[PDB]
Amino acid sequence: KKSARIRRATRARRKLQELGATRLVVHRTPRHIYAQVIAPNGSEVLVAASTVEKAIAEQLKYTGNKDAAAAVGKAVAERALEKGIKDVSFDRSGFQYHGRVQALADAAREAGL
Amino acid sequence: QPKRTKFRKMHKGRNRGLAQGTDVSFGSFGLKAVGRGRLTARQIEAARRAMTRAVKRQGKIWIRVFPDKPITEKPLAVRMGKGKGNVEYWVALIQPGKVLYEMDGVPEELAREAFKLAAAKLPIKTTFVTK
Amino acid sequence: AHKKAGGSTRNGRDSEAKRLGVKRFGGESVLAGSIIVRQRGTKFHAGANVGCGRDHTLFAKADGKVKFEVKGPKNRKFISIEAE
RNA sequence: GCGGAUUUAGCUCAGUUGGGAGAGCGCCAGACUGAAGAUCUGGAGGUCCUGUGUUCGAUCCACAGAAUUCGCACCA
RNA sequence: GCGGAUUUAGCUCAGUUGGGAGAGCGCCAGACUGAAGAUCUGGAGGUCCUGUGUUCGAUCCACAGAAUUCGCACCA
RNA sequence: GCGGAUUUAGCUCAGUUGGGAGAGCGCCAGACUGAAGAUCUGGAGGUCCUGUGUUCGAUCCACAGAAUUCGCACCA
RNA sequence: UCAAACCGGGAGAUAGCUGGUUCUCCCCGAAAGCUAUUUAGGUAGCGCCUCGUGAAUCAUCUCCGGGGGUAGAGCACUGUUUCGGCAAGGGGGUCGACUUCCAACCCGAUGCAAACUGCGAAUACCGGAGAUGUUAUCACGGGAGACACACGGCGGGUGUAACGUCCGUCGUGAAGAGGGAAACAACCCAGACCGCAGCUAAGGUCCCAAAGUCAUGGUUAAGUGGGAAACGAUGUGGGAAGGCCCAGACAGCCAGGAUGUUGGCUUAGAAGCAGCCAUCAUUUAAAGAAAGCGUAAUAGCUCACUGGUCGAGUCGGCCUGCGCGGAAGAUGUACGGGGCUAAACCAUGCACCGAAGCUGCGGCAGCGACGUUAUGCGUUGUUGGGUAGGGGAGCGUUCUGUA
RNA sequence: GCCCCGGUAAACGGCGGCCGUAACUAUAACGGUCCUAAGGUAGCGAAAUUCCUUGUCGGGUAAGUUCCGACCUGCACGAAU
RNA sequence: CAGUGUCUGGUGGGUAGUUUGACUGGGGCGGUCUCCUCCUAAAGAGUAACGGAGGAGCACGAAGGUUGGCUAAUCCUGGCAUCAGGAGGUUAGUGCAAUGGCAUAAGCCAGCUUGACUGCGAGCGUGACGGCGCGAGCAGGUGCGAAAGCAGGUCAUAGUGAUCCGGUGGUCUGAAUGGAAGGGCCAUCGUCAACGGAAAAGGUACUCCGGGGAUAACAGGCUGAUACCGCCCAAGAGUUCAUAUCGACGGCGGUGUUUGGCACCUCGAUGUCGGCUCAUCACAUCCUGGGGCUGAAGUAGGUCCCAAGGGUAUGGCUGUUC
RNA sequence: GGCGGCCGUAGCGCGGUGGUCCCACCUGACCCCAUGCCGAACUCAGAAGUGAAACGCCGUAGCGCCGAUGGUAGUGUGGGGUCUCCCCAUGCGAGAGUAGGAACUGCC
């Protein structure tokens with residue numbers, strides 16, 4: 001078969017679909033950082049938390065740093081464990097290393113994922 | 001005889017050529033032939049030149065079928081020699097109901113006499129059609 | 001050096017392909033059927049090719065690609081006996 | 001009979017972008033030389049095999065015919 | 001028909017590291033000689049058979065075609 | 001396979017006090033001759049097979065490898 | 001007897017080379033292809049045939065779930081291919097513009113492909129359920145033959161083509177007899193124990209020849225009774241379509257074909273009528289500046305055109321059936337013959353003749369199935385053709401035993 | 001013995017392409033220029049050795065693919081082959 | 001002195017034994033006899049011919065792997081080398097024949113790196129048969145990656161060969177022990193490409209023989225392009241006048257006497273060529289007979305039609321059929 | 001704009017209209033961090049200025065692709081005649097032509 005548009009952008013992953021689990025997308029905006037636990041067959045979002053929602057707790061500083069990226073990971077994962085999900089794969093479409101995505105993943109594990 | 005076309009050697013030239021008539025107005029008259037047959041360019045010229053040499057009164061005489069099928073012969077021994085391009089040059093394929101020569105003309109038929117002369121030069125009983 | 005003589009495809013002998021693994025019987029995760037080489041994706045019964053459709057079935061086994069762009073090279077989604 | 005080549009100004013020949021007819025020799029004249037010779041220059045000299053056809057126009061295409069030459073063919 | 005060789009500037013020929021087109025003779029001019037000759041020097045002179053396919057590029061490769069030549073084959 | 005010989009400037013070769021790289025021929029130039037020739041003189045021309053080792057330093061020693069030649073060995 | 005003796009022995013030399021060899025009956029009953037081979041007038045291994053033993057219960061059209069892209073068709077790659085218009089390049093002719101020709105591109109109309117294709121069969125094919133078939137399906141072992149086929153049909157590839165080569169599917173020739181086709185390996189029907197009766201198949205029903213010289217209707221005349229072609233055909237029959245028809249026309253006969261003008265040009269001359277161009281108008285129901293004959297050129301004579309008189313359907317065109325022309329040859333000419341006009345041909349129909357086919361009685365057998373100790377009975381299936389080959393029973397002969 | 005050198009042919013052999021000249025034209029004849037050294041000098045031809053060939057001219061004959069003589073580029077003449 | 005006996009090297013058909021292949025519209029010459037890929041093969045599979053087109057008998061440490069960035073041909077515009085812009089699924093490129101695959105790529109550029117690891121199984125090649133190959137696991141462990149994972153060489157299908165013997169890596173092995181020299185197990189390399197693998201040239205009109213013509217060289221048969229003849233249309237020629245006569249281009253046919261083709265038949269043998277002698281048959285009539293046309297005044301001819309009844313017949317050179 | 005559902009007729013071209021909530025463009029590079037030669041990439045920060053690339057809506061169907069109503073060639077399979085060839089029975093049915101579709105649905 002031919003390579004789909006999504007495959008050409010390699011943003012998706014067919015190898016994680018052969019297993020039959022969920023993902024852990026990490027969206028990043030020059031102002032806020034988002035994270036989600038989406039399941040196959042469309043855009044099924046089970047749990048999600050924004051850095052802007054971290055303010056609801058007691059966030060004072062900017063929400064576009066590394067320490068904020070780790071705070072969101074603990075929130076999204078904490079809500080995930082409350083949902084009923086245990087395992088999850090990291091899906092960071094287009095990004096470097098040691099960045100804020102790694103801090104989000106390291107935070108997800110800290111919760112129990 | 002499988003329809004042969006290109007990717008072959010260069011043979012002879014078209015004994016035919018003069019399309020004749022003015023190509024400013026497209027019509028739908030004709031001279032149909034009842035029956036399929038292979039006509040070589042050498043014959044088409046005789047028939048075409050016969051009517052054109054008769055329709056000196058006017059023009060608008062056109063032909064739709066051109067010779068495109070190559071036919072070779074092997075004049076020699078046998079074992080060696082598939083077929084060269086000799087007298088047997090391009091040959092046209094005519095269908096049981098195909099219009100060869102159609103002259104753009106309204107009921108003033110002075111070409112029926114012309115088509116008659118040509119009808120006696122090509123092998124196959126042809127009929128004059130007004131439509 | 002180059003290639004010439006305006007020609008099309010190039011020929012040789014007879015094809016060396018078979019129809020191993022009709023599938024409705026057991027089958028270890030391996031190349032089901034044979035025709036052309038190098039291809040992956042299908043990990044179970046995934047007979048799907050342009051046409052009236054295609055199939056395979058029953059056999060619980062992790063993975064099991066096809067031959068290549070032939071008898072349903074596309075990779076469908078899982079399938080086992082009914083109750084392995 | 002068959003097949004191939006050849007058929008341009010007197011002679012020997014060139015000449016296919018189809019659209020100029022040309023060269024050498026020869027002939028005549030000029031120049032030169034005492035002069036004649038040679039050489040240089042100039043001029044004249046063509047149904048460019050014949051007919052028909054093909055194109056706007058053909059030596060230069062097609063078809064037919066004729067002649068020359070060669071190979072071949074048939075001999076109470 | 002088969003097989004082989006050959007097909008470069010007017011003539012005769014060289015020219016395979018595929019990337020310069022060249023030699024002899026001839027022709028024209030110069031040098032020289034009283035001069036002509038010879039010799040020496042210089043210049044001009046090439047669809048390097050044709051087409052196509054090759055490589056970045058081919059006279060120099062492949063394929064197809066044509067011509068020349070030789071052997072063979074055919075020949076009431 | 002084995003042993004012997006050989007492996008210097010384009011060619012043919014000398015060169016073991018280990019400490020200069022050289023000769024003939026050839027090539028270029030000079031001198032000479034009218035000139036060309038010959039002879040004479042001058043110049044250019046060397047990873048002195050390759051690597052490593054040995055010495056203060058090696059073409060000139062040791063070791064290893066390569067090439068040439070030769071004898072021998074092998075060859076259903 | 002010699003480009004080289006005879007005899008016997010080794011010898012029953014060897015050969016991938018040729019040929020072949022003696023009783024009866026019963027059951028079943030091939031391959032001429034694939035791979036390798038100094039291999040292709042050879043073998044080995046398989047496919048295929050047969051026999052023996054073992055095991056134990058299942059095989060198959062149609063529907064459903066699938067694989068294919070060949071036919072056909074078409075154009076989106078690709079390689080070809082008609083015309084018009086526009087722009088750019090090159091060459092030639094007269095002027096730095098225009099005209100002509102050639103090649104490439106774009107747009108609207110024109111054409112193609114065995115190694116093209118957006119499409120796409122039928123159809124062949126894998127597997128699974130619903131018939132048929134049963135110790136089959138299958139496993140092991142013994143013995144094979146065999147690797148020069150051919151023909152018809154369908155689909156082919158090559159070739160001008162072939163009682164052509166070379167493939168594929170299938171049915172046959174080979175073991176298809178019987179019947180028809182005049183005679184005839186593969187064309188049609190059809191496939192056999194013996195004897196007997198009956199009915200049919202093919203074909204046939206005037207006679208030879210068994211059966212109607214049958215029924216209704218129509219056509220052909222040629223004896224066509226069919227090589228016989230491309231081609232031709234008012235020989236003749238049938239069917240359909242257009243137009244013209246009782247304002248009597250279309251053809252006879254009478255009388256009539258002019259005026260400018262001998263149209264012009266040209267030409268020795270051309271004055272309707274050599275040729276070159278035109279082909280108008282004046283006077284009427286009607287006459288072309290003239291369709292032919294004719295003159296040296298005129299003249300003269302007809303025609304076209306119209307009236308009088310003479311008096312009914314005609315004319316143009318399309319299609320079909322059968323016959324005819326085209327068809328020239330070898331010791332006497334024909335459908336099997338006689339012969340026939342229907343005992344031809346076409347559209348229908350009725351009644352019969354006609355096989356070892358189908359039905360039926362009796363009889364022999366064999367094989368297999370069921371039950372059985374049984375190859376004894378009962379019942380059941382096929383029914384029972386066979387070259388090569390496999391399996392099995394038997395009669396007769398010689399001599400030697402016991403009774 | 002061989003490599004190497006040399007004597008020996010009473011062993012196998014070779015003898016082209018071009019230019020000028022000349023001729024009414026084509027050829028042969030002579031010299032050279034080039035390639036590979038030479039390019040056939042002294043002698044000999046369509047000959048039982050020449051295909052094309054009844055080669056060309058001619059004698060001879062009414063007529064001779066015969067013969068004789070000449071020319072001769074002699075498909076593959078030549079000195080004790 | 002050598003002779004003679006023995007041995008060694010060289011020369012050595014003088015003599016002897018053999019080989020000198022197969023395929024092959026006969027044989028020979030030419031061309032082939034391993035292997036890969038399209039058509040042919042007629043939509044599964046398999047399938048032939050000196051069947052049509054074309055190649056492999058190697059090359060490569062990178063033309064391998066991964067990652068980052070990037071995307072091509074070709075055309076247009078501003079300056080054919082280069083630079084800037086636009087159009088552009090892709091016709092580029094990807095080692096090698098061809099098809100197939102691919103572009104935020106399996107292509108280009110750059111950097112980095114280097115899995116071509118060891119051991120052992122299951123499966124794949126109708127219908128059994130080895131080496132070899134490939135797809136897919138497991139056990140342990142190399143390389144790269146975060147990891148899944150990816151390698152058993154180069155995207156896939158050509159680049160290859162036995163036994164014997166020799167040379168190369170642990171062990172086993174000969175009255176009794178030590179030394180040396182041997183034999184063997186497993187594996188790699190070296191040759192048979194007439195490539196499922198013999199070491200070997202020529203003459204035969206001096207010939208001999210076995211057999212045969214499933215593979216040719218005649219006659220027959222089919223075909224008929226060639227050959228012979230006819231017909232249709234008829235340009236044109238013939239002073240004028242197509243058709244007295246001649247008659248192109250093109251088209252359609254008959255014959256089968258020629259030649260070519262195929263090779264279906266014969267191939268278990270029917271004495272050659274020419275001539276001569278003698279018998280019968282046929283016609284595409286060269287006349288005689290009766291006619292048509294004419295470029296037919298007459299005469300003499302030219303051409304054509306019906307017709308074969310008869311007559312159609314001979315000589316000189318040459319064996320010769322022109 | 002946020003937040004769902006169904007979840008390949010949404011390829012590829014083209015037209016009108018609206019939002020200063022949301023969102024990229026944009027702007028600025030102090031620093032984390034980063035470019036073999038270039039904060040362009042990469043990463044961080046602020047919001048001056050638009051909607052021009054997006055997006056919300058909505059209008060053409062060109063061309064691609066997926067369905068539907070009308071029909072002849074073409075083509076299996078089994079008997080008929082006929083010089084070849086054609087015909088009948090039975091299962092289906094090219095391309096051209098007329099139309100359909102340019103998202104759907106709930107909540108703030």
# chains A, B, ... in the order shown; residues from 1 in each chain; ligands from 1
>>> select_by_dssp(residues="chain A", states="alpha helix (DSSP H)", output="number ranges by chain")
A: 5-8, 54-57, 66-83, 100-111
>>> write_last_selection(atoms="N, CA, C and O atoms", output="compact mmCIF listing (two decimals), in the first residue's frame")
# COMPACT_ATOMS: atom_id res chain seq x y z
N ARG A 5 -1.11 10.34 4.13
CA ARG A 5 -0.62 11.68 4.43
C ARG A 5 -0.06 11.72 5.85
O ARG A 5 0.93 12.40 6.12
N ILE A 6 -0.72 11.00 6.75
CA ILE A 6 -0.30 10.95 8.15
C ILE A 6 1.04 10.22 8.28
O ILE A 6 1.86 10.56 9.13
N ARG A 7 1.24 9.23 7.42
CA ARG A 7 2.48 8.45 7.42
C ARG A 7 3.62 9.27 6.84
O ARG A 7 4.78 9.09 7.22
N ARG A 8 3.29 10.17 5.93
CA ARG A 8 4.29 11.03 5.30
C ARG A 8 4.81 12.04 6.32
O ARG A 8 5.96 12.48 6.24
N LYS A 54 -3.70 24.41 36.04
CA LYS A 54 -2.82 24.21 37.18
C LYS A 54 -2.94 25.41 38.11
O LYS A 54 -2.63 25.33 39.30
N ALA A 55 -3.40 26.53 37.56
CA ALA A 55 -3.58 27.75 38.33
C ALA A 55 -4.71 27.56 39.33
O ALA A 55 -4.73 28.20 40.39
N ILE A 56 -5.66 26.69 38.99
CA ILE A 56 -6.79 26.41 39.86
C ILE A 56 -6.27 25.94 41.21
O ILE A 56 -6.85 26.25 42.26
N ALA A 57 -5.17 25.20 41.19
CA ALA A 57 -4.56 24.70 42.41
C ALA A 57 -3.90 25.89 43.11
O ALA A 57 -4.39 26.37 44.13
N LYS A 66 9.68 24.42 31.97
CA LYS A 66 9.86 22.99 32.19
C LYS A 66 9.17 22.49 33.45
O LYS A 66 8.53 21.43 33.45
N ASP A 67 9.30 23.24 34.54
CA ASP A 67 8.69 22.87 35.81
C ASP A 67 7.17 22.81 35.70
O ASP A 67 6.51 22.10 36.45
N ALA A 68 6.62 23.57 34.75
CA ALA A 68 5.18 23.60 34.53
C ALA A 68 4.78 22.39 33.70
O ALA A 68 3.66 21.88 33.81
N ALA A 69 5.70 21.93 32.85
CA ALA A 69 5.45 20.78 32.00
C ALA A 69 5.39 19.51 32.84
O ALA A 69 4.68 18.56 32.50
N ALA A 70 6.14 19.50 33.93
CA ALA A 70 6.16 18.35 34.83
C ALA A 70 4.93 18.35 35.73
O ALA A 70 4.44 17.30 36.13
N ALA A 71 4.44 19.55 36.05
CA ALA A 71 3.27 19.69 36.90
C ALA A 71 2.02 19.17 36.18
O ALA A 71 1.15 18.56 36.79
N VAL A 72 1.95 19.43 34.88
CA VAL A 72 0.82 18.99 34.07
C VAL A 72 0.82 17.47 33.93
O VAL A 72 -0.24 16.84 33.95
N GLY A 73 2.01 16.89 33.80
CA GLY A 73 2.12 15.45 33.66
C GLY A 73 1.56 14.70 34.85
O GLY A 73 0.93 13.65 34.70
N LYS A 74 1.79 15.25 36.04
CA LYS A 74 1.31 14.63 37.27
C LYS A 74 -0.20 14.76 37.39
O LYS A 74 -0.86 13.90 37.98
N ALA A 75 -0.75 15.83 36.83
CA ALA A 75 -2.18 16.08 36.88
C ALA A 75 -2.93 15.17 35.91
O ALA A 75 -3.91 14.52 36.28
N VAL A 76 -2.46 15.12 34.67
CA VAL A 76 -3.08 14.28 33.64
C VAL A 76 -3.03 12.81 34.02
O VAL A 76 -3.99 12.07 33.78
N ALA A 77 -1.92 12.39 34.61
CA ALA A 77 -1.74 11.00 35.02
C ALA A 77 -2.57 10.66 36.26
O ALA A 77 -3.13 9.57 36.36
N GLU A 78 -2.65 11.61 37.19
CA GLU A 78 -3.42 11.40 38.42
C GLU A 78 -4.89 11.17 38.07
O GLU A 78 -5.56 10.35 38.68
N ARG A 79 -5.37 11.90 37.07
CA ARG A 79 -6.75 11.78 36.63
C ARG A 79 -6.92 10.50 35.81
O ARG A 79 -8.02 9.94 35.75
N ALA A 80 -5.84 10.05 35.19
CA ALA A 80 -5.86 8.84 34.38
C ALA A 80 -6.03 7.62 35.28
O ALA A 80 -6.84 6.74 35.00
N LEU A 81 -5.26 7.57 36.36
CA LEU A 81 -5.32 6.46 37.30
C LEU A 81 -6.71 6.41 37.93
O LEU A 81 -7.16 5.36 38.38
N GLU A 82 -7.38 7.56 37.97
CA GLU A 82 -8.71 7.66 38.54
C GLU A 82 -9.73 7.15 37.53
O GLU A 82 -10.84 6.76 37.89
N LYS A 83 -9.34 7.15 36.25
CA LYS A 83 -10.21 6.69 35.18
C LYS A 83 -10.22 5.17 35.11
O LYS A 83 -11.27 4.55 35.02
N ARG A 100 10.53 19.69 27.07
CA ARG A 100 9.41 19.68 28.00
C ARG A 100 8.57 18.41 27.88
O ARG A 100 7.80 18.08 28.78
N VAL A 101 8.72 17.71 26.76
CA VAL A 101 7.97 16.48 26.53
C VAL A 101 8.50 15.36 27.42
O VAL A 101 7.75 14.50 27.88
N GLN A 102 9.81 15.36 27.65
CA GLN A 102 10.45 14.35 28.48
C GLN A 102 10.07 14.59 29.94
O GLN A 102 9.95 13.64 30.73
N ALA A 103 9.87 15.85 30.29
CA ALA A 103 9.49 16.22 31.65
C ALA A 103 8.04 15.83 31.89
O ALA A 103 7.63 15.57 33.02
N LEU A 104 7.26 15.80 30.81
CA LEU A 104 5.85 15.44 30.89
C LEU A 104 5.75 13.93 31.08
O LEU A 104 4.92 13.45 31.86
N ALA A 105 6.59 13.19 30.37
CA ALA A 105 6.60 11.74 30.45
C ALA A 105 7.11 11.29 31.82
O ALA A 105 6.52 10.41 32.45
N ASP A 106 8.20 11.90 32.27
CA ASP A 106 8.77 11.57 33.57
C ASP A 106 7.77 11.86 34.68
O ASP A 106 7.81 11.24 35.74
N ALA A 107 6.87 12.81 34.43
CA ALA A 107 5.86 13.18 35.41
C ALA A 107 4.72 12.17 35.39
O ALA A 107 4.12 11.88 36.43
N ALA A 108 4.42 11.63 34.21
CA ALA A 108 3.35 10.66 34.06
C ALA A 108 3.68 9.39 34.86
O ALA A 108 2.81 8.82 35.51
N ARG A 109 4.94 8.97 34.79
CA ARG A 109 5.38 7.78 35.50
C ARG A 109 5.35 8.01 37.01
O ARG A 109 5.04 7.10 37.78
N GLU A 110 5.66 9.24 37.42
CA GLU A 110 5.68 9.60 38.83
C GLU A 110 4.31 9.40 39.49
O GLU A 110 4.22 9.21 40.70
N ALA A 111 3.26 9.45 38.68
CA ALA A 111 1.90 9.27 39.19
C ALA A 111 1.54 7.80 39.32
O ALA A 111 0.92 7.39 40.30
>>> residues_around(residues="residue 131 of chain B", least_positions_apart="2", cutoff="9 Å", atoms="only C-alpha atoms (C1' of nucleotides)", output="PDB file with N, CA, C and O atoms, in the first residue's frame")
ATOM      1  N   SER B  28     -21.796  15.770 -42.274  1.00  0.00           N
ATOM      2  CA  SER B  28     -22.069  14.370 -41.977  1.00  0.00           C
ATOM      3  C   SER B  28     -22.841  13.659 -43.087  1.00  0.00           C
ATOM      4  O   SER B  28     -23.966  13.201 -42.882  1.00  0.00           O
ATOM      5  N   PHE B  29     -22.229  13.576 -44.263  1.00  0.00           N
ATOM      6  CA  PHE B  29     -22.830  12.902 -45.408  1.00  0.00           C
ATOM      7  C   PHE B  29     -22.131  11.550 -45.503  1.00  0.00           C
ATOM      8  O   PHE B  29     -21.922  10.898 -44.480  1.00  0.00           O
ATOM      9  N   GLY B  30     -21.772  11.117 -46.707  1.00  0.00           N
ATOM     10  CA  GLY B  30     -21.077   9.846 -46.801  1.00  0.00           C
ATOM     11  C   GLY B  30     -21.286   8.924 -47.987  1.00  0.00           C
ATOM     12  O   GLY B  30     -22.089   9.177 -48.885  1.00  0.00           O
ATOM     13  N   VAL B 129     -25.104   6.808 -49.882  1.00  0.00           N
ATOM     14  CA  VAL B 129     -25.973   7.211 -48.782  1.00  0.00           C
ATOM     15  C   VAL B 129     -26.109   8.729 -48.737  1.00  0.00           C
ATOM     16  O   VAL B 129     -25.130   9.456 -48.908  1.00  0.00           O
TER      17      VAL B 129
END
>>> residues_around(residues="segment 75-90 of chain J", least_positions_apart="2", cutoff="9 Å", atoms="only C-alpha atoms (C1' of nucleotides)", output="PyMOL selection string")
(chain G and resi 71-72+121-123) or (chain J and resi 92-93)
>>> write_last_selection(atoms="N, CA and C atoms (P, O5', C5', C4', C3', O3' and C1' of nucleotides)", output="PDB file, in the first residue's frame")
ATOM      1  P     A G  71      -7.017  -9.673 -24.806  1.00  0.00           P
ATOM      2  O5'   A G  71      -8.499 -10.236 -24.989  1.00  0.00           O
ATOM      3  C5'   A G  71      -8.770 -11.301 -25.897  1.00  0.00           C
ATOM      4  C4'   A G  71     -10.262 -11.482 -26.070  1.00  0.00           C
ATOM      5  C3'   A G  71     -11.038 -10.256 -26.525  1.00  0.00           C
ATOM      6  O3'   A G  71     -10.996 -10.121 -27.942  1.00  0.00           O
ATOM      7  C1'   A G  71     -12.171 -11.286 -24.721  1.00  0.00           C
ATOM      8  P     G G  72     -10.929  -8.657 -28.604  1.00  0.00           P
ATOM      9  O5'   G G  72     -12.182  -7.888 -27.989  1.00  0.00           O
ATOM     10  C5'   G G  72     -13.507  -8.167 -28.437  1.00  0.00           C
ATOM     11  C4'   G G  72     -14.510  -7.401 -27.607  1.00  0.00           C
ATOM     12  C3'   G G  72     -14.318  -5.892 -27.570  1.00  0.00           C
ATOM     13  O3'   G G  72     -14.971  -5.270 -28.672  1.00  0.00           O
ATOM     14  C1'   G G  72     -14.585  -6.702 -25.367  1.00  0.00           C
ATOM     15  P     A G 121     -15.996  -8.093 -13.908  1.00  0.00           P
ATOM     16  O5'   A G 121     -15.107  -9.166 -14.679  1.00  0.00           O
ATOM     17  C5'   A G 121     -15.624 -10.456 -14.972  1.00  0.00           C
ATOM     18  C4'   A G 121     -16.634 -10.366 -16.088  1.00  0.00           C
ATOM     19  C3'   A G 121     -17.213 -11.694 -16.532  1.00  0.00           C
ATOM     20  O3'   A G 121     -18.295 -12.046 -15.679  1.00  0.00           O
ATOM     21  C1'   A G 121     -16.578 -10.429 -18.429  1.00  0.00           C
ATOM     22  P     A G 122     -18.173 -13.338 -14.732  1.00  0.00           P
ATOM     23  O5'   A G 122     -18.583 -14.541 -15.688  1.00  0.00           O
ATOM     24  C5'   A G 122     -19.809 -14.499 -16.404  1.00  0.00           C
ATOM     25  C4'   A G 122     -19.603 -14.972 -17.821  1.00  0.00           C
ATOM     26  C3'   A G 122     -19.072 -16.387 -17.981  1.00  0.00           C
ATOM     27  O3'   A G 122     -20.117 -17.349 -17.879  1.00  0.00           O
ATOM     28  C1'   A G 122     -17.871 -14.940 -19.402  1.00  0.00           C
ATOM     29  P     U G 123     -19.984 -18.561 -16.830  1.00  0.00           P
ATOM     30  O5'   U G 123     -18.513 -19.129 -17.066  1.00  0.00           O
ATOM     31  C5'   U G 123     -18.145 -19.716 -18.312  1.00  0.00           C
ATOM     32  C4'   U G 123     -16.640 -19.791 -18.435  1.00  0.00           C
ATOM     33  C3'   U G 123     -15.927 -20.578 -17.346  1.00  0.00           C
ATOM     34  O3'   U G 123     -15.880 -21.963 -17.677  1.00  0.00           O
ATOM     35  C1'   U G 123     -14.878 -18.479 -17.607  1.00  0.00           C
TER      36        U G 123
ATOM     37  P     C J  92     -29.966 -13.893 -15.023  1.00  0.00           P
ATOM     38  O5'   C J  92     -28.550 -13.259 -15.397  1.00  0.00           O
ATOM     39  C5'   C J  92     -28.410 -11.862 -15.664  1.00  0.00           C
ATOM     40  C4'   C J  92     -27.060 -11.584 -16.290  1.00  0.00           C
ATOM     41  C3'   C J  92     -26.831 -10.172 -16.817  1.00  0.00           C
ATOM     42  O3'   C J  92     -26.359  -9.306 -15.785  1.00  0.00           O
ATOM     43  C1'   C J  92     -26.153 -11.756 -18.445  1.00  0.00           C
ATOM     44  P     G J  93     -26.687  -7.729 -15.844  1.00  0.00           P
ATOM     45  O5'   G J  93     -25.878  -7.190 -17.108  1.00  0.00           O
ATOM     46  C5'   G J  93     -24.455  -7.299 -17.178  1.00  0.00           C
ATOM     47  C4'   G J  93     -23.996  -7.184 -18.613  1.00  0.00           C
ATOM     48  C3'   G J  93     -24.158  -5.814 -19.261  1.00  0.00           C
ATOM     49  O3'   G J  93     -22.979  -5.035 -19.064  1.00  0.00           O
ATOM     50  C1'   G J  93     -25.132  -7.460 -20.649  1.00  0.00           C
TER      51        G J  93
END
>>> atom_distance(atom1="atom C1' of residue 28 of chain H", atom2="atom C1' of residue 74 of chain H")
13.5 Å
>>> residues_around(residues="residue 23 of chain J", least_positions_apart="3", cutoff="10 Å", atoms="only C-alpha atoms (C1' of nucleotides)", output="PyMOL selection string")
chain J and resi 1+54-55
>>> write_last_selection(atoms="N, CA, C and O atoms (P, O5', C5', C4', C3', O3' and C1' of nucleotides)", output="PDB file, in the first residue's frame")
ATOM      1  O5'   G J   1     -12.659  28.707  15.872  1.00  0.00           O
ATOM      2  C5'   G J   1     -11.470  29.115  16.553  1.00  0.00           C
ATOM      3  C4'   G J   1     -11.661  29.157  18.051  1.00  0.00           C
ATOM      4  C3'   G J   1     -12.035  27.833  18.699  1.00  0.00           C
ATOM      5  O3'   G J   1     -10.873  27.060  18.982  1.00  0.00           O
ATOM      6  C1'   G J   1     -13.486  29.524  19.478  1.00  0.00           C
ATOM      7  P     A J  54      -7.127  30.579   3.915  1.00  0.00           P
ATOM      8  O5'   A J  54      -7.033  29.620   5.183  1.00  0.00           O
ATOM      9  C5'   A J  54      -6.184  28.475   5.173  1.00  0.00           C
ATOM     10  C4'   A J  54      -5.994  27.953   6.577  1.00  0.00           C
ATOM     11  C3'   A J  54      -7.262  27.513   7.290  1.00  0.00           C
ATOM     12  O3'   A J  54      -7.583  26.164   6.968  1.00  0.00           O
ATOM     13  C1'   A J  54      -5.996  28.900   8.725  1.00  0.00           C
ATOM     14  P     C J  55      -9.116  25.749   6.717  1.00  0.00           P
ATOM     15  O5'   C J  55      -9.876  26.270   8.016  1.00  0.00           O
ATOM     16  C5'   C J  55      -9.651  25.673   9.290  1.00  0.00           C
ATOM     17  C4'   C J  55     -10.375  26.448  10.364  1.00  0.00           C
ATOM     18  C3'   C J  55     -11.871  26.622  10.150  1.00  0.00           C
ATOM     19  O3'   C J  55     -12.595  25.503  10.650  1.00  0.00           O
ATOM     20  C1'   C J  55     -10.905  28.711  10.686  1.00  0.00           C
TER      21        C J  55
END
